[PDB]
Structures are given as C-alpha cells and as structure tokens.
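This document starts with one chain, in the form deposited in one PDB entry, laid out as structure tokens.
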C-alpha cells in the first residue's frame, strides 16, 4: 500500500490545526447558510479528511445515500461524472429533506470547458445540492467557478509539524535519515506531505541495503530530480570568479551533464544569491531584473546557448557594482 494512504490524518486530532474552517462550516450548517465550499491549499493538509468528517457530523448514519464523493479528474471523462452528478441530484428518496453534498477532488486538473460545465451544473442543482470543491491551487480554477464558491485557504504545515510527522514515519518504517537529507526533503517538499511520503518510499525502494543503509541528501536529490545546491554553488562561483571562457564552459558542462534545465538553474541561483550580503543595491536590482527577463524569454523558446550566456553576463555585470 502507498505510504500516502498510511499515516493519513483520518481524525481531527491528526490535523495540524486551522480548525477555524471547521468551526465556520459548522456554524454555516447550524445557521442554514452553508454555501458552495471551496477548499484549496497544499496537498495532504487533510482537506479530504476534514470534509468527510464534516459530512459524517452533518448527516450521521445516512452518509453514503446523501453524500457523493468524486474525483474531478478521472479516466472516464467529463460526461460520466456529469451524468453521475445529475443522477445523484435528480433522484429523491422517500425521506428527502435538507440537502445533498457532492465532493470533488483535484478539481484544478479539469479543463476550462469542464470547469464551465461544472459551474453550470452547480447553478442548476443549487436548490437541493451543495457542492464542495477541493483543489491544490485556486488560481488554476476559472474565475467563473471561483465566484460561485466560498474560498477557504489551507496554510502549509509548519516546519516543526512536518519534522514531527517525518520522524513518526521514519520510526514506523525503520528508516534512518541523515539530517542533511531531512533538510533537503523538507525544502523540496515545501510543506507537501504527499511529496515527503512518496520520496521517502521511493528512496527506501532504491537502497541496495533495505534497512541498514542511510539515505543521504544526494539520494534525496536524485529521487526528486532536483538541482543539487553544490552544483549551483559551483556554477555561481565559476561565474563570479573565473573569466568568460571558463564560466561559459563550466555552466554548459554542469547543466548538460547533470541534466539541469536553464530555468531551474536560474531559479536555484536566485535562491542562493538571496543569502549574499551585497554592498550595493544596484547589484540586486540588475540581477533580479535581468534574470527575470531571461526566464520570461526562456518560457517562449529561443536560443538556449544565447540564454545561458545571457545569464552569465547578467550575473557578471551586476557584481561590477560590488
């Protein structure tokens, strides 16, 4: 079984907090003013567990007949899920009273047309059906769909909570993790517990020694497929200190041998440069503006070698200001 299914926060106690959403939804139900809800935030915060707990509390024993759980992104397509929703909302039992809840998961994966169709369905069946929409990013949803639903945002888990959960997973799975590897994993996951669990499971799988070996930060970075900080630091040092030929050769060699895309290299270098203590502010201004221009140009295509040399020149020229 996947490690995401295990250690799932199936109870409100395992929820990191932010129970204000739960209390507000409870008061909405009590006051008879429950709107179409939209829960969004980092994956694995427990949105599904929170909404199923709310549904259990609201209805009681009659859960499956009044609550329908669906994934907005599914292999059967838009027509099948639309038919499911329409037949669930249209049908009424003998004891039909109140409202019926429909939960959609991973709604951000739908196309714009599917989202518009879902919005129309929500508007049509709003008399007796209340929709709860779950997504990872609210901005990926169409503005028309966002207007119907009341937005609730889930904050990312605090680093201490993530560390505690990681320690719990490690002690349950009998895995020994280096502190550098743990820091790298926390940084890469940026608060996504699903990413943490997937990477930990894959790293355990890849070890030649299933239990005795220690997972290093190198293994974590290989498993995620992410630019190692050492490579980016070497590239930045070569750019800042070596002449143009050496810097050009080093950048091309590193980002071709290690398979680092130029945009990921730019992102990593910007992350590293933020910790520098620059004497002149014009250095930072030029760095940020030129690197953003280069990244935007990369998004549109263009010549890759020219863009790499542009990165080298932008970094070299800014530091002339010291």
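Numbering follows the first chain given and starts at 1.
Unshown form deposited in another entry; subsequent notes refer to it.
Where one rigid part turns on another between the shown form and the other one: hinge among 93, 269, 242, 16: Among the listed options, 16 lies at the hinge between the shown form and the other one.
Relative Cα spacing, residue 136 and residue 172, in the other entry - shift of 3 Å or more: Farther apart in the other entry, by 3 Å or more.
Change in CA distance between residue 184 and residue 136 in the other entry, which is 3 Å or more, as closer or farther: More distant in the other entry, by 3 Å or more.
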